[PDB]
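Q: So that we are looking at the same thing, I have put the structure below in structure tokens.
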4 protein chains.
Amino acid sequence: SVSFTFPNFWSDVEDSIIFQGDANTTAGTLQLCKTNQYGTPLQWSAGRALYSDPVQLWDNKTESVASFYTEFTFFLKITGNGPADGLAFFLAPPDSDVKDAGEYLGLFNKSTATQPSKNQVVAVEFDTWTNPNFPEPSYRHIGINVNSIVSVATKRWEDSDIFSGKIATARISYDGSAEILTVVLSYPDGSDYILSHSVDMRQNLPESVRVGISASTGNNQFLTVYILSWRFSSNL
Amino acid sequence: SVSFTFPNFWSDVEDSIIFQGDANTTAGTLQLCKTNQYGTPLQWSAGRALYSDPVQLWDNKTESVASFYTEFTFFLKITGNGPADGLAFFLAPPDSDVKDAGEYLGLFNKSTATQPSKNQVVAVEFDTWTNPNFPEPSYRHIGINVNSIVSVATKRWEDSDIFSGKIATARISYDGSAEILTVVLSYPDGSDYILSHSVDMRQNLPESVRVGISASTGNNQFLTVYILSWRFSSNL
Amino acid sequence: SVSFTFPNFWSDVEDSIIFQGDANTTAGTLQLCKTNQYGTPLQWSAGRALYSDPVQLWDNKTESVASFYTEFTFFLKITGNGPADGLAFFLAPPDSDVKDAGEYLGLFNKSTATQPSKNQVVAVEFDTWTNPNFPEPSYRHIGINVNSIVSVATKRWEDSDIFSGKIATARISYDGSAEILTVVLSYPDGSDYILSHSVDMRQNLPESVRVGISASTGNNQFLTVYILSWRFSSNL
Amino acid sequence: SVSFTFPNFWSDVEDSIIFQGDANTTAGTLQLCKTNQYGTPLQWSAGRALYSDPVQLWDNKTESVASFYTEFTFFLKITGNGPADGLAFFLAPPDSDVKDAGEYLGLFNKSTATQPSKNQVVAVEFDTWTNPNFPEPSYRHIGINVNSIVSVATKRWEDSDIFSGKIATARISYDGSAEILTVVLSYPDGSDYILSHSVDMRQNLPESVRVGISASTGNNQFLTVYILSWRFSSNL
Ligand SMILES: *[C@@H]1O[C@H](CO)[C@@H](O[C@@H]2O[C@H](CO)[C@@H](O)[C@H](O)[C@H]2NC(C)=O)[C@H](O)[C@H]1NC(C)=O
Ligand SMILES: *[C@@H]1O[C@H](CO)[C@@H](O[C@@H]2O[C@H](CO)[C@@H](O)[C@H](O)[C@H]2NC(C)=O)[C@H](O)[C@H]1NC(C)=O
Ligand SMILES: *[C@@H]1O[C@H](CO)[C@@H](O[C@@H]2O[C@H](CO)[C@@H](O)[C@H](O)[C@H]2NC(C)=O)[C@H](O)[C@H]1NC(C)=O
Ligand SMILES: *[C@@H]1O[C@H](CO)[C@@H](O[C@@H]2O[C@H](CO)[C@@H](O)[C@H](O)[C@H]2NC(C)=O)[C@H](O)[C@H]1NC(C)=O
Ligand SMILES: CO[C@@H]1O[C@H](CO)[C@H](O)[C@H](O[C@H]2O[C@H](CO)[C@H](O)[C@H](O)[C@H]2O)[C@H]1O
Ligand SMILES: CO[C@@H]1O[C@H](CO)[C@H](O)[C@H](O[C@H]2O[C@H](CO)[C@H](O)[C@H](O)[C@H]2O)[C@H]1O
Ligand SMILES: CO[C@@H]1O[C@H](CO)[C@H](O)[C@H](O[C@H]2O[C@H](CO)[C@H](O)[C@H](O)[C@H]2O)[C@H]1O
Ligand SMILES: CO[C@@H]1O[C@H](CO)[C@H](O)[C@H](O[C@H]2O[C@H](CO)[C@H](O)[C@H](O)[C@H]2O)[C@H]1O
Ligand SMILES: [Ca+2]
Ligand SMILES: [Ca+2]
Ligand SMILES: [Ca+2]
Ligand SMILES: [Ca+2]
Ligand SMILES: [Mn+2]
Ligand SMILES: [Mn+2]
Ligand SMILES: [Mn+2]
Ligand SMILES: [Mn+2]
């Protein structure tokens with residue numbers, strides 16, 4: 001059983017959050033990627049914020065899988081028409097470090113991003129940029145990734161919400177018995193996105209893992225991701 | 001596309017909410033079942049609060065199913081050791097009225113509660129009382145009901161949370177493409193319940209329906225359910 | 001050095017709040033005056049909710065009036081054009097009990113309401129009814145009462161806010177050194193009422209007092225006051 | 001009759017807020033003074049954020065000082081034992097620009113900071129550093145400044161709250177009729193600071209003024225002030 005709550009990141013979350021890549025706290029929020037003194041986000045950057053304590057995903061001698069829930073708010077600071085690349089919530093082995101930037105969201109490497117058998121990561125992505133390098137929706141989208149940058153299921157993410165300049169609330173749940181991952185993205189306006197898909201953690205990740213949030217950028221400099229709050233709870 | 005938000009029920013929600021059975025507003029909240037002048041809940045009562053506007057669940061000539069999300073907070077005013085019977089969120093034909101009280105949660109009739117083919121209702125229940133009349137967990141529980149008072153899937157609901165005297169937050173989502181219903185129950189302490197199950201609305205409900213919240217009581221008078229807030233959104 | 005916080009009144013505030021007259025808790029709120037089973041407020045009723053623990057207002061040889069701050073939210077459920085009589089925050093001797101209803105706000109008796117030397121109560125009133133019995137604004141108003149139902153200072157209270165059907169936030173502060181009482185009434189719309197006046201508690205109240213909120217009604221039955229939250233802190 | 005509300009500073013408040021000195025927005029907040037790429041605050045810096053629209057303070061032949069109320073939250077990011085210099089809310093002529101840093105809080109010049117007749121500024125200061133250059137409390141404090149860096153009235157500000165690492169809420173009100181300025185500083189823990197003092201804006205400021213918040217630093221580099229939200233309303 002694991003749980004934590006960050007109403008904000010004003011306190012010294014140093015002894016509770018592992019910062020990878022560019023990740024760090026900025027004025028009570030988590031800023032995954034670096035910006036210059038002029039507030040302009042740097043190109044090809046990546047960062048991740050992983051919770052220190054590990055999570056018992058499942059048991060082998062019991063085959064019993066754990067359930068978990070996470071909720072976090074984020075703001076997309078967009079100053080252009082081509083924001084990239086987005087952010088993602090994810091689970092990975094405790095020693096997993098930041099990977100490639102750009103379309104890989106700091107989760108995979110260029111060489112194996114499309115090879116599930118060569119990865120150990122499950123994530124829900126909020127993709128603000130359609131990439132031609134591999135198969136994916138031609139529109140902004142939300143998706144569930146199982147050991148691959150190519151989502152197993154996606155949902156269209158409206159630009160009116162992406163460029164809304166409003167605080168979004170992401171909720172992700174997983175029922176260990178049913179083996180179902182669900183994501184709900186909500187905007188203060190009146191729009192909710194719902195995406196669910198069956199996924200068995202036992203065949204995609206080790207018994208013990210860490211949870212975190214990742215973000216990255218490519219050539220454009222029109223986007224900076226900020227996480228305002230974050231809580232999580234898990235039960236075997 | 002349908003959506004609404006009730007941060008509270010202080011306003012005159014008369015021209016937006018259909019009250020069934022005992023249901024009504026009480027000091028900014030929805031109180032489904034009646035209590036006396038001494039605050040004591042009456043026995044064998046039932047009540048439902050349905051949103052006026054109908055929701056397009058699915059399309060026949062398109063086979064396309066809609067997705068929706070709902071969130072609401074509730075408080076369990078318990079004054080004894082045997083609180084019953086609980087509450088539930090549900091979807092049913094627009095002309096569906098309150099049914100039997102007690103273990104039926106105002107959703108089914110005594111005679112057909114266990115006969116799916118004789119019902120038109122999908123619900124997520126928060127059952128505070130184990131009934132011997134039909135099969136169900138011997139402990140307090142949360143469940144998904146598909147045209148029957150006998151849940152297709154359940155999750156244990158800890159008494160420490162039920163008798164916590166705290167405001168609970170219920171979240172229910174449905175992905176029309178994946179045909180998955182998910183429920184998350186959260187307590188300000190640090191406990192989250194997650195329950196997901198595949199369910200196809202097309203074979204359980206008509207194209208157009210109404211959403212609502214229901215509650216009922218039996219012989220005991222140790223429980224009074226109050227809904228503090230409620231919002232919903234749906235998209236075809 | 002006394003302080004307390006009530007984010008709501010869902011818990012059993014029995015062993016912390018002294019209920020006088022009709023006062024009691026109702027669905028997470030404080031309802032000072034009673035209503036029938038039809039939700040209709042009874043005529044000529046009065047009620048007060050005083051915090052159990054007494055507050056040290058001042059001292060003699062020590063010479064040091066205590067400072068305090070209190071904040072609370074309330075809703076005016078109005079169903080007619082003649083709401084009466086309103087509510088008030090007050091300080092009085094620990095053994096002070098509810099007084100007369102109607103225009104006296106449960107704070108004074110009919111025979112001495114206009115005689116300062118015969119009373120022991122300082123209060124901030126939110127008067128929704130202009131009375132001709134004694135001098136007072138011919139319009140709804142907010143006021144500072146020092147041992148009298150006749151305010152020493154008042155501020156007009158716009159009807160657009162009174163019948164707004166929105167939750168109001170009251171803030172009352174007192175600087176024991178400057179001997180100044182300040183009241184600020186705020187509405188979510190965009191209106192703030194400010195009223196300050198010099199007042200020396202030492203010559204109007206005993207060294208030890210209790211703080212509370214009261215309300216009352218007269219002939220009309222168009223108003224029911226509800227207090228949703230309440231907090232207070234003091235320092236000698 | 002001017003009013004504005006900033007629940008945060010995530011939006012482009014460019015066409016609503018005049019940034020002076022180092023002031024600017026940082027991740028949804030206002031950062032008055034600059035910090036390097038290492039998050040270290042620069043020495044001897046100053047910045048102010050004034051609301052664009054001017055406020056009508058008072059009139060002559062009309063005789064009617066306007067009343068106003070303002071509320072804002074701020075966080076003191078402290079990394080050392082000598083945080084300086086603090087922040088302040090103020091009113092000054094519309095064309096007033098940032099002044100000297102250090103102990104002057106960006107509000108006065110070194111040569112005239114102690115000369116009321118040479119200044120046009122009324123403010124509430126939150127001084128985290130006792131200066132020996134001029135008379136002031138030998139302990140951290142809150143104060144009301146009338147055309148001088150030497151407060152006419154002050155209140156001790158406990159270090160437990162200053163180094164608390166929690167978000168503080170400041171509330172400032174002014175009754176134009178009573179000519180009374182009141183400040184209330186509140187911490188989520190359970191401490192409220194109250195300070196009131198008589199002040200006539202008519203003899204200290206022009207008929208039209210601008211309101212804002214300022215901050216500054218000296219030699220030490222242990223403090224960085226952040227304003228998370230800010231709202232204000234006024235009425236002639
Ligand atoms: C406020 O109302 C409550 C209603 O609950 C009163 O307490 C109840 O009193 C009845 C008997 O009159 C008991 O059967 C209940 O068990 C009590 N309820 C609780 C929660 O204890 C209470 O007396 C009223 N307070 C005042 C001052 O009249
Ligand atoms: C919900 O409760 C309200 C109580 O406010 C009921 O309204 C009252 O109804 C009675 C008759 O039943 C009238 O005499 C009163 O004038 C009504 N009160 C007000 C303020 O108008 C209402 O009937 C209840 N709703 C339902 C569906 O039962
Ligand atoms: C506050 O900082 C912002 C940083 O964004 C400054 O505005 C930027 O100015 C640079 C050039 O110096 C431009 O490339 C950016 O496009 C601007 N950003 C935005 C959002 O417009 C701004 O000048 C600073 N304000 C002050 C008073 O110094
Ligand atoms: C996150 O940002 C902070 C900025 O506050 C970094 O802390 C500074 O690190 C430099 C050296 O890298 C030190 O000289 C400063 O003294 C530090 N500042 C403070 C206030 O202690 C921190 O290094 C960053 N964390 C990571 C993992 O990069
Ligand atoms: C014009 O298309 C761009 O070509 C680049 C090589 O010339 C590169 O493929 C780029 O994609 C990269 O940047 C975008 C936008 O910033 C995004 O971050 C991608 O993930 C990243 O690979 C093409 O857009
Ligand atoms: C002692 O068991 C009770 O027997 C009753 C008949 O004598 C009846 O079955 C009752 O159940 C009813 O009340 C409970 C508790 O209030 C609950 O509401 C059930 O749904 C309702 O059927 C038995 O508990
Ligand atoms: C018909 O008007 C009533 O006259 C009374 C004397 O005959 C008395 O003034 C009464 O006022 C009372 O009711 C109002 C409205 O409820 C209010 O509560 C007053 O405080 C109360 O004295 C008149 O309505
Ligand atoms: C070494 O102490 C410094 O002496 C200065 C004169 O030589 C001056 O008093 C200085 O104070 C300055 O820095 C502090 C801390 O940052 C504060 O900002 C004061 O306002 C500023 O004048 C002393 O630190
Ligand atoms: Ca992409
Ligand atoms: Ca049951
Ligand atoms: Ca009156
Ligand atoms: Ca100083
Ligand atoms: Mn993608
Ligand atoms: Mn059940
Ligand atoms: Mn009055
Ligand atoms: Mn000072």
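Going through the structure tokens in order, the chains are called A, B, and so on, while each chain numbers its residues from 1 and the ligands are numbered from 1 in the order shown.
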Go through the chains and note each residue within 12 Å of ligand 12, using only C-alpha atoms and all ligand atoms, then give the set as an mmCIF file with N, CA and C atoms, in the first residue's frame.
A:
```cif
data_model
loop_
_atom_site.group_PDB
_atom_site.id
_atom_site.type_symbol
_atom_site.label_atom_id
_atom_site.label_comp_id
_atom_site.auth_asym_id
_atom_site.auth_seq_id
_atom_site.Cartn_x
_atom_site.Cartn_y
_atom_site.Cartn_z
ATOM 1 N N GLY D 82 18.572 34.692 7.029
ATOM 2 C CA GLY D 82 18.449 36.134 6.937
ATOM 3 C C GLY D 82 17.638 36.603 5.743
ATOM 4 N N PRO D 83 16.357 36.205 5.623
ATOM 5 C CA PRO D 83 15.526 36.632 4.490
ATOM 6 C C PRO D 83 15.297 38.144 4.513
ATOM 7 N N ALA D 84 15.367 38.767 3.344
ATOM 8 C CA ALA D 84 15.170 40.202 3.217
ATOM 9 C C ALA D 84 14.801 40.493 1.766
ATOM 10 N N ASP D 85 14.037 41.556 1.528
ATOM 11 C CA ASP D 85 13.545 42.440 2.576
ATOM 12 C C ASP D 85 12.059 42.276 2.882
ATOM 13 N N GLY D 86 11.338 41.604 1.994
ATOM 14 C CA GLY D 86 9.915 41.406 2.200
ATOM 15 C C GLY D 86 9.081 41.890 1.029
ATOM 16 N N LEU D 87 7.850 42.298 1.316
ATOM 17 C CA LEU D 87 6.946 42.766 0.273
ATOM 18 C C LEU D 87 5.967 43.756 0.869
ATOM 19 N N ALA D 88 5.123 44.321 0.016
ATOM 20 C CA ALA D 88 4.141 45.282 0.477
ATOM 21 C C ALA D 88 3.060 45.555 -0.554
ATOM 22 N N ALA D 101 15.767 49.669 -3.766
ATOM 23 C CA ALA D 101 15.653 48.301 -3.286
ATOM 24 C C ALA D 101 16.025 48.227 -1.811
ATOM 25 N N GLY D 102 16.372 47.034 -1.350
ATOM 26 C CA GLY D 102 16.737 46.880 0.042
ATOM 27 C C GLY D 102 15.589 47.193 0.984
ATOM 28 N N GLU D 103 15.913 47.842 2.092
ATOM 29 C CA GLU D 103 14.927 48.185 3.107
ATOM 30 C C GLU D 103 13.794 49.097 2.643
ATOM 31 N N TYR D 104 13.940 49.707 1.469
ATOM 32 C CA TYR D 104 12.900 50.610 0.965
ATOM 33 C C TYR D 104 11.763 49.903 0.239
ATOM 34 N N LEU D 105 11.875 48.589 0.096
ATOM 35 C CA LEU D 105 10.807 47.798 -0.511
ATOM 36 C C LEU D 105 10.338 48.282 -1.877
ATOM 37 N N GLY D 106 11.210 48.996 -2.589
ATOM 38 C CA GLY D 106 10.851 49.519 -3.893
ATOM 39 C C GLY D 106 9.822 50.637 -3.796
ATOM 40 N N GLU D 125 3.183 46.928 4.825
ATOM 41 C CA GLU D 125 4.411 46.178 4.607
ATOM 42 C C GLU D 125 4.500 44.924 5.467
ATOM 43 N N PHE D 126 5.235 43.954 4.940
ATOM 44 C CA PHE D 126 5.489 42.681 5.581
ATOM 45 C C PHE D 126 7.010 42.643 5.555
ATOM 46 N N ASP D 127 7.591 43.223 6.598
ATOM 47 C CA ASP D 127 9.026 43.373 6.756
ATOM 48 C C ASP D 127 9.701 42.176 7.413
ATOM 49 N N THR D 128 10.524 41.461 6.647
ATOM 50 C CA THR D 128 11.205 40.294 7.189
ATOM 51 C C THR D 128 12.609 40.608 7.680
ATOM 52 N N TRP D 129 12.952 41.898 7.756
ATOM 53 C CA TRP D 129 14.285 42.295 8.196
ATOM 54 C C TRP D 129 14.307 43.629 8.956
ATOM 55 N N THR D 130 14.767 43.595 10.205
ATOM 56 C CA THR D 130 14.841 44.803 11.025
ATOM 57 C C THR D 130 16.041 45.631 10.612
ATOM 58 N N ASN D 131 15.789 46.872 10.218
ATOM 59 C CA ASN D 131 16.851 47.769 9.790
ATOM 60 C C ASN D 131 17.238 48.753 10.878
ATOM 61 N N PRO D 132 18.547 49.000 11.040
ATOM 62 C CA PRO D 132 19.048 49.935 12.052
ATOM 63 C C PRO D 132 19.175 51.361 11.497
ATOM 64 N N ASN D 133 19.080 51.495 10.176
ATOM 65 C CA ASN D 133 19.194 52.795 9.503
ATOM 66 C C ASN D 133 18.151 53.792 10.003
ATOM 67 N N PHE D 134 16.949 53.288 10.280
ATOM 68 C CA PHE D 134 15.844 54.111 10.761
ATOM 69 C C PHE D 134 15.068 53.345 11.821
ATOM 70 N N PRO D 135 14.259 54.053 12.613
ATOM 71 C CA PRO D 135 13.498 53.364 13.654
ATOM 72 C C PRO D 135 12.435 52.373 13.185
ATOM 73 N N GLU D 136 12.493 51.170 13.734
ATOM 74 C CA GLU D 136 11.514 50.146 13.424
ATOM 75 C C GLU D 136 11.713 48.974 14.364
ATOM 76 N N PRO D 137 10.666 48.162 14.558
ATOM 77 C CA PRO D 137 10.750 47.009 15.450
ATOM 78 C C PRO D 137 12.024 46.198 15.269
ATOM 79 N N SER D 138 12.545 45.676 16.370
ATOM 80 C CA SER D 138 13.755 44.872 16.333
ATOM 81 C C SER D 138 13.427 43.424 15.953
ATOM 82 N N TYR D 139 12.171 43.174 15.570
ATOM 83 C CA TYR D 139 11.725 41.843 15.156
ATOM 84 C C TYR D 139 10.960 41.927 13.836
ATOM 85 N N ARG D 140 10.878 40.817 13.104
ATOM 86 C CA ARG D 140 10.156 40.803 11.834
ATOM 87 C C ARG D 140 8.793 41.397 12.162
ATOM 88 N N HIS D 141 8.160 42.048 11.200
ATOM 89 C CA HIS D 141 6.883 42.672 11.489
ATOM 90 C C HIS D 141 6.045 43.050 10.278
ATOM 91 N N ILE D 142 4.796 43.407 10.560
ATOM 92 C CA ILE D 142 3.814 43.839 9.574
ATOM 93 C C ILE D 142 3.557 45.296 9.923
ATOM 94 N N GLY D 143 3.377 46.154 8.929
ATOM 95 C CA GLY D 143 3.149 47.550 9.262
ATOM 96 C C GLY D 143 2.363 48.390 8.280
ATOM 97 N N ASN D 145 2.373 51.926 6.523
ATOM 98 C CA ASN D 145 3.236 53.046 6.178
ATOM 99 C C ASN D 145 2.496 54.163 5.471
ATOM 100 N N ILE D 149 9.004 55.103 5.318
ATOM 101 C CA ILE D 149 9.459 53.730 5.520
ATOM 102 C C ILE D 149 9.365 53.395 7.008
ATOM 103 N N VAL D 150 9.095 54.410 7.819
ATOM 104 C CA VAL D 150 8.945 54.213 9.254
ATOM 105 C C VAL D 150 7.446 54.050 9.473
ATOM 106 N N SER D 151 7.031 52.847 9.859
ATOM 107 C CA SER D 151 5.617 52.549 10.074
ATOM 108 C C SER D 151 4.978 53.371 11.195
ATOM 109 N N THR D 154 2.679 49.026 13.904
ATOM 110 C CA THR D 154 3.220 47.735 13.521
ATOM 111 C C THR D 154 2.685 46.621 14.396
ATOM 112 N N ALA D 215 8.194 44.327 -3.900
ATOM 113 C CA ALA D 215 9.122 43.538 -3.109
ATOM 114 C C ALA D 215 10.538 43.965 -3.475
ATOM 115 N N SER D 216 11.498 43.621 -2.625
ATOM 116 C CA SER D 216 12.879 43.987 -2.885
ATOM 117 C C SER D 216 13.837 43.119 -2.082
ATOM 118 N N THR D 217 15.121 43.209 -2.418
ATOM 119 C CA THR D 217 16.155 42.453 -1.735
ATOM 120 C C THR D 217 17.361 43.350 -1.482
ATOM 121 N N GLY D 218 18.241 42.902 -0.594
ATOM 122 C CA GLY D 218 19.450 43.642 -0.270
ATOM 123 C C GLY D 218 20.668 42.772 -0.554
#
```
Q: I'd like the contact shell of region 17-28 of chain A - 6 Å cut-off, only C-alpha atoms, skipping same-chain residues fewer than 4 positions apart - returned as a PyMOL selection string.
A: chain A and resi 8-10+13+32-34+46-52+98
Q: Hey, list the chain B side of the contact with chain C: 10 Å cut-off, only C-alpha atoms, answer as number ranges by chain.
A: B: 10-12, 25-31, 34-37, 39, 75-77, 164-167, 224-228
Q: Just the residues within 7 Å of residue 180 (chain B), please, counting only C-alpha atoms, with nothing from its chain fewer than 6 positions along; format it as an mmCIF file with N, CA, C and O atoms, in the first residue's frame.
A:
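Listed below is the output, part.cif:
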```
data_model
loop_
_atom_site.group_PDB
_atom_site.id
_atom_site.type_symbol
_atom_site.label_atom_id
_atom_site.label_comp_id
_atom_site.auth_asym_id
_atom_site.auth_seq_id
_atom_site.Cartn_x
_atom_site.Cartn_y
_atom_site.Cartn_z
ATOM 1 N N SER A 196 -10.448 4.186 -21.910
ATOM 2 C CA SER A 196 -10.176 2.979 -21.129
ATOM 3 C C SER A 196 -9.690 1.872 -22.055
ATOM 4 O O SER A 196 -10.076 1.810 -23.217
ATOM 5 N N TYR B 174 -17.280 6.339 -18.554
ATOM 6 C CA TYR B 174 -17.648 5.307 -19.498
ATOM 7 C C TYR B 174 -17.098 5.634 -20.877
ATOM 8 O O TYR B 174 -17.366 6.695 -21.442
ATOM 9 N N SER B 196 -13.549 -1.377 -12.380
ATOM 10 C CA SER B 196 -13.856 -1.254 -13.806
ATOM 11 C C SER B 196 -14.421 -2.571 -14.320
ATOM 12 O O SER B 196 -14.072 -3.639 -13.830
ATOM 13 N N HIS B 197 -15.286 -2.487 -15.319
ATOM 14 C CA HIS B 197 -15.913 -3.671 -15.888
ATOM 15 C C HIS B 197 -16.463 -3.359 -17.267
ATOM 16 O O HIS B 197 -17.020 -2.281 -17.489
ATOM 17 N N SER B 198 -16.331 -4.304 -18.187
ATOM 18 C CA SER B 198 -16.846 -4.096 -19.530
ATOM 19 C C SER B 198 -18.370 -4.174 -19.530
ATOM 20 O O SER B 198 -18.958 -5.101 -18.980
ATOM 21 N N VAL B 199 -19.011 -3.189 -20.142
ATOM 22 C CA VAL B 199 -20.456 -3.190 -20.222
ATOM 23 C C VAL B 199 -20.881 -2.463 -21.489
ATOM 24 O O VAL B 199 -20.382 -1.370 -21.780
#
```
Q: Mind checking which residues fall within 6 Å of region 109-115 of chain B, counting only C-alpha atoms, ignoring those fewer than 3 positions away in the same chain, and posting them as a PyMOL selection string?
A: chain B and resi 99-100+118+148-149
Q: Go through region 62-185 of chain D and collect every residue that DSSP, computed from the backbone, puts in strand (DSSP E); the answer should be as an NGL selection string.
A: :D and (67-78 or 86-92 or 122-127 or 141-146 or 153-156 or 168-175 or 180-185)
Q: For a test of reading the model, state the distance in Å between CA of residue 175 (chain D) and CA of residue 185 (chain C), rounded to one decimal.
A: 12.5 Å
Q: Need to verify the contact set: residue 230 (chain B), 7 Å, only C-alpha atoms, exclusion of same-chain residues closer than 2 positions in sequence. Can you return it as a ChimeraX atom specification?
A: /B:5-7,71-73,232
Q: Write the residues of the preceding selection, restricted to C-alpha atoms, as a PDB file, in the first residue's frame.
A:
```pdb
ATOM      1  CA  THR B   5     -22.421  21.323 -13.117  1.00  0.00           C
ATOM      2  CA  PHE B   6     -23.881  21.677  -9.625  1.00  0.00           C
ATOM      3  CA  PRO B   7     -21.203  23.022  -7.262  1.00  0.00           C
ATOM      4  CA  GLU B  71     -18.450  13.342 -10.456  1.00  0.00           C
ATOM      5  CA  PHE B  72     -20.266  13.919  -7.212  1.00  0.00           C
ATOM      6  CA  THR B  73     -19.567  14.235  -3.525  1.00  0.00           C
ATOM      7  CA  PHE B 232     -21.790  15.432 -15.677  1.00  0.00           C
TER       8      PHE B 232
END
```
